[PDB]
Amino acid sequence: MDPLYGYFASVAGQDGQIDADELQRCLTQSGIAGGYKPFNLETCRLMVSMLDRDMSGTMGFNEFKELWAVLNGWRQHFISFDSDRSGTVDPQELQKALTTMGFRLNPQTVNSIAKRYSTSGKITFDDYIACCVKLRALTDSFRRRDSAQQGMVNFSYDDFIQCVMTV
């Protein structure tokens, strides 16, 4: 029996699928934020997108399982830059943080990202996560199309729009 199945079973529908609302509820019940403020609906809708390679708009337990482990790792990284347990990190940390967790980005990019994701000059745990989710999803969709890994993908307007608007 999977330690996570209980939470899932609790909100999941008879089809074994949960939506962003339900996801947020069991993520909350799982206590994964562990200390920090539980994630919010919009952030959860994004986690759904990152694992919904179906346009189903829901996820199943195997996915829930995978999500939880990713999230748990990211919270670990974040905590390491949250010396003072504040639930926020500042813009400069984020460049170091983003970099040091499997993300392959140049300094410029990281800074603009750090920028857009700041509220009052700091970046909260929740926003840090949302950033990482969306960052992982888009990199997956990119890699998907970069079938020669040239770090170059020739989008078509419609593909570019649907690809990004759905994440």
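A residue's number is simply how far along the shown sequence it sits, counting from 1.
Q: Using only C-alpha atoms and the B-factors in the entry, which stretch averages higher, 158-166 or 2-10?
A: According to the PDB entry, the answer is 158-166.
Q: Give the stretch, out of 123-131 and 101-109, with the larger mean C-alpha temperature factor in the deposited entry.
A: It is 101-109.
Q: Which one of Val48, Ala33, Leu67, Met55 shows the top CA temperature factor in the record?
A: In the PDB entry, the greatest C-alpha B-factor among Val48, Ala33, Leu67, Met55 is found at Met55.
Q: Sort the modelled residues of this chain by their C-alpha B factor and say whether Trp74 lands in the lowest, middle or highest third.
A: CA B-factor rank for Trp74: lowest third.
Q: State the tercile, meaning the lowest, middle or highest third, of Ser118 with respect to the CA B-factors recorded for its chain.
A: Its C-alpha B-factor belongs to the highest third of this chain's values.
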